[PDB]
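Colleague: Take a look at protein-v7.txt, compact mmCIF, C-alpha atoms:
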```txt
# COMPACT_ATOMS: atom_id res chain seq x y z
CA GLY A 1 8.23 -7.64 -14.45
CA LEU A 2 4.93 -5.73 -14.60
CA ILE A 3 3.39 -3.24 -12.17
CA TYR A 4 -0.28 -3.87 -11.46
CA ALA A 5 -2.52 -1.01 -10.34
CA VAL A 6 -5.59 -2.47 -8.66
CA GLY A 7 -8.79 -0.60 -8.02
CA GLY A 8 -8.90 2.83 -6.45
CA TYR A 9 -11.15 5.88 -6.73
CA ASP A 10 -11.26 8.10 -9.82
CA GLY A 11 -12.96 11.05 -8.08
CA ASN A 12 -16.51 9.88 -8.82
CA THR A 13 -16.46 6.09 -8.79
CA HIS A 14 -14.78 3.36 -6.77
CA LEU A 15 -13.09 1.13 -9.34
CA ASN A 16 -13.07 -2.55 -10.12
CA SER A 17 -10.66 -1.98 -13.04
CA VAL A 18 -7.03 -3.14 -13.05
CA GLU A 19 -4.17 -2.19 -15.36
CA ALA A 20 -0.59 -3.33 -15.81
CA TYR A 21 2.54 -1.32 -16.61
CA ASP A 22 5.30 -2.63 -18.87
CA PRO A 23 8.49 -0.60 -18.26
CA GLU A 24 9.96 -1.84 -21.54
CA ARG A 25 7.11 -0.30 -23.55
CA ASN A 26 6.40 2.44 -20.95
CA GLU A 27 2.71 1.70 -21.36
CA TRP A 28 -0.28 0.70 -19.23
CA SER A 29 -2.82 -1.91 -20.40
CA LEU A 30 -6.08 -2.94 -18.76
CA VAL A 31 -6.36 -6.51 -17.51
CA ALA A 32 -9.29 -8.43 -16.03
CA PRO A 33 -11.27 -6.38 -13.46
CA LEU A 34 -11.90 -7.32 -9.85
CA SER A 35 -15.20 -8.96 -9.04
CA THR A 36 -15.94 -6.11 -6.61
CA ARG A 37 -15.08 -2.40 -6.61
CA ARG A 38 -12.24 -1.69 -4.15
CA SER A 39 -10.63 1.59 -3.12
CA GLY A 40 -8.31 1.71 -0.13
CA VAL A 41 -7.37 -1.86 -1.04
CA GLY A 42 -4.23 -3.70 0.05
CA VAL A 43 -2.38 -5.67 -2.59
CA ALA A 44 0.40 -8.27 -2.36
CA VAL A 45 2.02 -10.92 -4.56
CA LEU A 46 2.44 -14.53 -3.38
CA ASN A 47 3.13 -17.72 -5.38
CA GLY A 48 2.65 -15.96 -8.73
CA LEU A 49 -0.77 -14.55 -7.75
CA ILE A 50 -1.89 -11.03 -6.88
CA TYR A 51 -4.10 -10.77 -3.80
CA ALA A 52 -6.49 -7.85 -3.38
CA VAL A 53 -7.43 -7.57 0.29
CA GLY A 54 -10.34 -5.63 1.71
CA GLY A 55 -11.04 -2.07 0.63
CA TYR A 56 -14.25 -0.11 0.12
CA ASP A 57 -16.77 -0.64 -2.67
CA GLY A 58 -18.42 2.80 -2.38
CA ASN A 59 -20.95 1.44 0.13
CA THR A 60 -19.43 -1.10 2.46
CA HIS A 61 -15.99 -1.64 3.91
CA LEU A 62 -15.00 -5.08 2.71
CA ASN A 63 -13.79 -8.26 4.33
CA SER A 64 -13.62 -10.08 0.97
CA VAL A 65 -10.33 -11.09 -0.68
CA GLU A 66 -9.72 -12.12 -4.30
CA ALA A 67 -6.67 -13.41 -6.15
CA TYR A 68 -5.46 -12.77 -9.70
CA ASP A 69 -3.87 -15.45 -11.87
CA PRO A 70 -2.02 -13.79 -14.78
CA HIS A 71 -1.99 -17.04 -16.77
CA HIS A 72 -5.80 -17.25 -16.72
CA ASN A 73 -6.26 -13.44 -16.58
CA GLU A 74 -8.98 -13.96 -13.99
CA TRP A 75 -9.78 -13.05 -10.40
CA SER A 76 -11.18 -15.63 -7.96
CA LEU A 77 -12.42 -15.10 -4.43
CA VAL A 78 -10.47 -16.69 -1.58
CA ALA A 79 -11.20 -16.86 2.14
CA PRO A 80 -12.36 -13.50 3.58
CA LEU A 81 -10.82 -11.53 6.42
CA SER A 82 -12.22 -11.86 9.91
CA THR A 83 -12.74 -8.07 9.96
CA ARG A 84 -13.77 -5.60 7.28
CA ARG A 85 -10.68 -3.58 6.40
CA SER A 86 -10.29 -0.55 4.15
CA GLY A 87 -7.17 1.58 4.25
CA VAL A 88 -5.39 -1.65 5.18
CA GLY A 89 -1.66 -2.33 4.76
CA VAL A 90 -0.71 -5.69 3.28
CA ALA A 91 2.67 -7.43 3.03
CA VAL A 92 3.94 -10.94 2.31
CA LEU A 93 6.40 -12.67 4.64
CA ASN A 94 7.37 -16.37 4.93
CA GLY A 95 4.59 -17.52 2.61
CA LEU A 96 1.84 -15.65 4.51
CA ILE A 97 -0.07 -12.49 3.67
CA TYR A 98 -0.41 -10.06 6.56
CA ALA A 99 -3.33 -7.60 6.69
CA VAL A 100 -2.38 -4.76 9.04
CA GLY A 101 -4.87 -2.34 10.54
CA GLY A 102 -7.39 -0.47 8.43
CA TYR A 103 -10.91 0.79 9.02
CA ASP A 104 -14.00 -1.41 9.42
CA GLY A 105 -16.61 1.32 8.89
CA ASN A 106 -16.86 2.54 12.49
CA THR A 107 -13.50 1.77 14.10
CA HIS A 108 -9.87 2.29 13.11
CA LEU A 109 -8.16 -1.05 13.72
CA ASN A 110 -5.08 -2.16 15.59
CA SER A 111 -5.77 -5.81 14.74
CA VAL A 112 -3.65 -7.85 12.31
CA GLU A 113 -4.48 -11.10 10.48
CA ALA A 114 -2.34 -13.49 8.45
CA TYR A 115 -3.42 -15.61 5.47
CA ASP A 116 -2.07 -19.10 4.82
CA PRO A 117 -2.75 -20.08 1.18
CA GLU A 118 -2.13 -23.76 2.03
CA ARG A 119 -5.12 -23.78 4.41
CA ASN A 120 -6.96 -20.88 2.70
CA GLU A 121 -7.69 -19.24 6.03
CA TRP A 122 -6.95 -16.08 8.01
CA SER A 123 -5.90 -16.07 11.66
CA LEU A 124 -5.31 -13.19 14.04
CA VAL A 125 -1.77 -12.38 15.12
CA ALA A 126 -0.51 -9.84 17.65
CA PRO A 127 -2.19 -6.41 17.36
CA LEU A 128 -0.45 -3.14 16.59
CA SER A 129 0.29 -0.99 19.61
CA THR A 130 -1.56 1.84 17.83
CA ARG A 131 -4.74 1.84 15.74
CA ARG A 132 -3.71 2.50 12.12
CA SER A 133 -5.79 3.06 9.00
CA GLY A 134 -4.25 4.49 5.86
CA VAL A 135 -1.06 2.75 7.01
CA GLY A 136 1.91 1.85 4.81
CA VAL A 137 3.40 -1.61 5.29
CA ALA A 138 6.59 -3.21 3.94
CA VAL A 139 8.82 -6.16 4.84
CA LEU A 140 12.57 -5.82 5.43
CA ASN A 141 14.99 -8.40 6.94
CA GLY A 142 12.17 -10.66 8.08
CA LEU A 143 10.28 -7.87 9.87
CA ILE A 144 7.03 -6.19 8.86
CA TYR A 145 7.02 -2.41 9.30
CA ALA A 146 3.78 -0.45 9.81
CA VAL A 147 4.41 3.18 8.84
CA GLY A 148 2.22 6.10 9.84
CA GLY A 149 -1.52 6.03 9.40
CA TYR A 150 -4.45 7.49 11.32
CA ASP A 151 -5.59 6.27 14.75
CA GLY A 152 -9.08 7.79 14.63
CA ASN A 153 -8.05 11.22 15.92
CA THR A 154 -4.47 11.91 14.85
CA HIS A 155 -2.37 11.37 11.75
CA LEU A 156 0.62 9.35 12.91
CA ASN A 157 4.35 9.78 12.55
CA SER A 158 4.97 6.61 14.57
CA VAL A 159 6.38 3.40 13.09
CA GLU A 160 6.35 -0.12 14.50
CA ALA A 161 7.89 -3.41 13.40
CA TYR A 162 6.59 -6.97 13.68
CA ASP A 163 8.77 -9.96 14.51
CA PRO A 164 6.92 -13.15 13.47
CA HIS A 165 9.29 -15.26 15.57
CA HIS A 166 8.23 -13.46 18.75
CA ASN A 167 4.74 -12.51 17.48
CA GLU A 168 5.36 -9.01 18.80
CA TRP A 169 5.30 -5.40 17.57
CA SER A 170 7.96 -2.89 18.68
CA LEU A 171 8.18 0.84 18.08
CA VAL A 172 11.10 2.04 15.98
CA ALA A 173 12.17 5.56 15.00
CA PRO A 174 9.22 7.75 13.95
CA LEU A 175 8.85 9.61 10.68
CA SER A 176 9.92 13.23 10.57
CA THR A 177 6.41 14.07 9.32
CA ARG A 178 2.96 12.70 10.12
CA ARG A 179 1.69 10.67 7.15
CA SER A 180 -1.60 8.87 6.61
CA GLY A 181 -2.41 7.43 3.20
CA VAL A 182 1.35 6.94 2.79
CA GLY A 183 2.94 4.65 0.21
CA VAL A 184 5.77 2.45 1.44
CA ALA A 185 8.27 0.21 -0.38
CA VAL A 186 11.65 -1.38 0.31
CA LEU A 187 14.71 -0.81 -1.88
CA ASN A 188 18.39 -1.61 -1.25
CA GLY A 189 17.80 -2.31 2.43
CA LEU A 190 15.91 0.96 3.05
CA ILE A 191 12.21 1.62 3.59
CA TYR A 192 10.82 4.56 1.64
CA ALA A 193 7.76 6.45 2.92
CA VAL A 194 6.22 8.31 -0.03
CA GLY A 195 3.78 11.19 0.24
CA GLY A 196 0.66 10.97 2.35
CA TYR A 197 -1.36 13.46 4.39
CA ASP A 198 -0.24 15.15 7.61
CA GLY A 199 -3.65 16.41 8.77
CA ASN A 200 -3.01 19.85 7.23
CA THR A 201 -1.87 19.23 3.64
CA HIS A 202 -1.18 16.46 1.19
CA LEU A 203 2.55 15.79 0.96
CA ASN A 204 5.11 15.49 -1.80
CA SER A 205 7.91 14.79 0.69
CA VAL A 206 9.66 11.41 0.84
CA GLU A 207 11.65 9.86 3.73
CA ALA A 208 13.90 6.79 3.83
CA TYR A 209 14.51 4.55 6.85
CA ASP A 210 17.84 2.87 7.57
CA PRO A 211 17.41 -0.04 10.01
CA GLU A 212 21.13 -0.05 10.82
CA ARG A 213 21.01 3.52 12.15
CA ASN A 214 17.31 3.37 13.16
CA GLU A 215 16.63 6.76 11.60
CA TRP A 216 14.65 8.42 8.81
CA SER A 217 16.22 10.86 6.32
CA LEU A 218 14.43 13.03 3.77
CA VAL A 219 15.20 12.28 0.13
CA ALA A 220 14.12 14.02 -3.07
CA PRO A 221 10.40 14.95 -3.04
CA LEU A 222 7.82 13.84 -5.57
CA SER A 223 7.02 16.16 -8.46
CA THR A 224 3.43 16.31 -7.13
CA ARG A 225 1.67 15.88 -3.81
CA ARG A 226 0.38 12.31 -3.49
CA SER A 227 -1.69 10.65 -0.76
CA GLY A 228 -3.51 7.36 -1.17
CA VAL A 229 -0.64 6.60 -3.55
CA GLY A 230 0.46 3.10 -4.59
CA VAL A 231 4.20 2.42 -4.36
CA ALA A 232 6.16 -0.52 -5.78
CA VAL A 233 9.78 -1.34 -6.55
CA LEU A 234 10.84 -2.64 -9.97
CA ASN A 235 14.32 -2.79 -11.55
CA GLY A 236 15.91 -0.71 -8.79
CA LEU A 237 13.34 2.10 -9.16
CA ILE A 238 10.48 3.12 -6.89
CA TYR A 239 7.21 3.83 -8.69
CA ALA A 240 4.60 6.15 -7.18
CA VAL A 241 1.28 5.37 -8.88
CA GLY A 242 -1.75 7.64 -8.84
CA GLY A 243 -2.96 9.16 -5.60
CA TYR A 244 -4.52 12.49 -4.65
CA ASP A 245 -2.72 15.84 -4.77
CA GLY A 246 -5.04 17.88 -2.55
CA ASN A 247 -6.99 19.05 -5.60
CA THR A 248 -7.84 16.05 -7.77
CA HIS A 249 -7.27 12.32 -8.11
CA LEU A 250 -4.25 11.47 -10.23
CA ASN A 251 -3.55 9.28 -13.21
CA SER A 252 0.10 10.38 -13.23
CA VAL A 253 3.00 8.09 -12.28
CA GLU A 254 6.58 8.96 -11.27
CA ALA A 255 9.67 6.82 -10.71
CA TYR A 256 12.53 7.40 -8.29
CA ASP A 257 16.16 6.59 -9.08
CA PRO A 258 18.18 6.31 -5.83
CA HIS A 259 21.47 6.69 -7.73
CA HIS A 260 20.43 10.13 -9.02
CA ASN A 261 18.07 10.89 -6.09
CA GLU A 262 15.45 12.24 -8.48
CA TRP A 263 11.89 11.51 -9.57
CA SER A 264 10.78 11.50 -13.20
CA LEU A 265 7.38 11.02 -14.79
CA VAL A 266 6.55 7.83 -16.65
CA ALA A 267 3.46 6.95 -18.67
CA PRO A 268 0.18 7.74 -16.86
CA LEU A 269 -2.61 5.37 -15.89
CA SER A 270 -5.61 5.15 -18.21
CA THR A 271 -7.76 6.02 -15.16
CA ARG A 272 -7.34 8.38 -12.20
CA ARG A 273 -6.74 6.21 -9.12
CA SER A 274 -6.35 7.26 -5.50
CA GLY A 275 -6.49 4.68 -2.75
CA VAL A 276 -5.03 2.25 -5.31
CA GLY A 277 -3.20 -0.99 -4.56
CA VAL A 278 0.02 -1.68 -6.46
CA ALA A 279 2.13 -4.83 -6.80
CA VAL A 280 4.94 -6.13 -8.99
CA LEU A 281 4.63 -9.52 -10.72
```
Re-express the file's structure as structure tokens.

Modeller:
Amino acid sequence: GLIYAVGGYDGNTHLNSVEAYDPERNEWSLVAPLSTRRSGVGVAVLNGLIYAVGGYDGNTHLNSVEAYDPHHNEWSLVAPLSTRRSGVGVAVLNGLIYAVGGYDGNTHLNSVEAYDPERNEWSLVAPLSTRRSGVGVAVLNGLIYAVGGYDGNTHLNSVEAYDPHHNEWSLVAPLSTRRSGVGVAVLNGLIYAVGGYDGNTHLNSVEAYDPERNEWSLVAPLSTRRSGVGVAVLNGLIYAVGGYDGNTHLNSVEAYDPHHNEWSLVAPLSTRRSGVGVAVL
């Protein structure tokens, strides 16, 4: 029932710090830090553990992965990716962690790898049809959706979905707006694409995808522009954590109520964090 904000960039420093949000107290508290600084990190929850995948330590784009045990309040390294990946999208499906796309330091990636915690190993699965760093990823109805991103030359409005039973990606309806550094989460059978960067400006706009109609619709915009924003769903609300508003890196946090279709501010992070990974545990 807590939101964890993992790593990020405060405007000067790539962070190893981690903090947790308690909606009942409306308060953030620091927890144990990562072993390595990570901005542009992908985060996912599996088997009661938080996995921090890849990212950038201010020097090198990372293949390392570490896992957080809230009962020990400690991070431990697990098996590394086959490819260095910052700006990577991460989602959990059928007991596996998928690492989608990202940037290895010279190339924007279309490759995808999956982690099996039983074997503690990563293996490649089918690649994206499009290279995607800064990509948002979420799982809905047994499919993994890769939303937007940057292919090396263009900020993307395209969206594709992964079927693990066929080991195949398929294009679905594209966003109305190009978005890299976009935050994505799933709520009430819809995928929300939050903020991002369209190549011209950082965005406050938000779009929601309905798989039944295969179409995106705009919903209420954020109170502030946010790219590199972490997005997570808790208690029927969508939280947008941190990010970058085109001017500075943000410690502010807002929550979206789909019943009212409105965003409201909640308590801010102790630390400005763009390129932050967010997960609910």

Colleague: To one decimal in Å, tell me the separation between atom CA of residue A:222 and atom CA of residue A:234.

Modeller: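 Separating atom CA of residue A:222 from atom CA of residue A:234 is a distance of 17.3 Å.
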
Colleague: Taking into account all atoms listed in the file, which residue in the set A:58, A:89, A:102, A:211 is nearest to residue A:150?

Modeller: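 Comparing A:58, A:89, A:102, A:211 against residue A:150, the winner is A:102.
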
Colleague: Show which residues sit within 6 Å of residue A:144, as a ChimeraX atom specification. Count all atoms listed in the file, and ignore same-chain residues fewer than 3 positions away.

Modeller: /A:138-139,161-162

Colleague: Mind dumping a table of every stretch 132-224 of chain A residue within 8 Å of stretch 250-273 of chain A, with the nearest atom pair and its distance in Å to one decimal, using all atoms listed in the file, sorted by chain and rising number, as a tab-separated table?

Modeller:
```
residue	atom	partner	partner_atom	distance
A:219	CA	A:261	CA	7.0
A:220	CA	A:262	CA	5.8
A:221	CA	A:263	CA	7.5
A:222	CA	A:263	CA	6.2
A:223	CA	A:263	CA	6.8
```

Colleague: Let me see the file: selected residues, C-alpha atoms, as a PDB file, keeping the file's coordinate frame.

Modeller:
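Once everything was written out, this is again.pdb:
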```pdb
ATOM      1  CA  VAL A 219      15.200  12.280   0.130  1.00  0.00           C
ATOM      2  CA  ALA A 220      14.120  14.020  -3.070  1.00  0.00           C
ATOM      3  CA  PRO A 221      10.400  14.950  -3.040  1.00  0.00           C
ATOM      4  CA  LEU A 222       7.820  13.840  -5.570  1.00  0.00           C
ATOM      5  CA  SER A 223       7.020  16.160  -8.460  1.00  0.00           C
TER       6      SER A 223
END
```

Colleague: Quick check, in Å to one decimal: how far apart do atom CA of residue A:180 and atom CA of residue A:140 lie?

Modeller: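 If I compute the distance from atom CA of residue A:180 to atom CA of residue A:140, I get 20.4 Å.
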
Colleague: Record the distance separating atom CA of residue A:31 and atom CA of residue A:6, expressed in Å with one decimal.

Modeller: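 Here the two named atoms are 9.8 Å from each other.
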
Colleague: Find the spatial neighbours of residue A:127, counting only C-alpha atoms, within a cut-off of 6 Å - ignore same-chain residues fewer than 6 positions away - and output them as a ChimeraX atom specification.

Modeller: /A:110-112

Colleague: Using all atoms listed in the file, which protein or nucleic acid residues come within 10 Å of residue A:149? Drop anything in the same chain fewer than 2 positions from it, and give the result as an NGL selection string.

Modeller: :A and (87-89 or 101-102 or 108 or 130-137 or 146-147 or 151-152 or 154-159 or 178-182 or 196-198)

Colleague: With a distance cut-off of 10 Å and all atoms listed in the file, select the neighbouring residues of residue A:44, excluding the residue or stretch itself and same-chain residues fewer than 6 positions from it, and output the selection as a ChimeraX atom specification.

Modeller: /A:50-53,67,89-92,97-99,277-281

Colleague: Go through A:186, A:142, A:72, A:107 and flag the residue nearest residue A:165, using all atoms listed in the file for the distances.

Modeller: A:142

Colleague: Using only C-alpha atoms, which protein or nucleic acid residues come within 6 Å of stretch 12-23 of chain A? Drop anything in the same chain fewer than 5 positions from it, and give the result as a list in words.

Modeller: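 With the cut-off at 6 Å, the set is residues 2, 3, 4, 5, 6, 7, 28, 29, 30, 31, 33, 34, 36, 37, 38, 39 and 58 of chain A.
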
Colleague: Compute the distance from (-14.5, 1.5, 10.2) to each atom, counting only C-alpha atoms, keep the residues with any atom at most 8 Å away, and return them as a ChimeraX atom specification; use the coordinates of the file.

Modeller: /A:61,84-86,102-109

Colleague: Take every atom of stretch 108-114 of chain A listed in the file, pad by 6 Å on each side, and give me the axis-aligned box centre and edge lengths in Å, one decimal, as JSON.

Modeller:
```
{"center_x": -6.1, "center_y": -5.6, "center_z": 12.0, "size_x": 19.5, "size_y": 27.8, "size_z": 19.1}
```
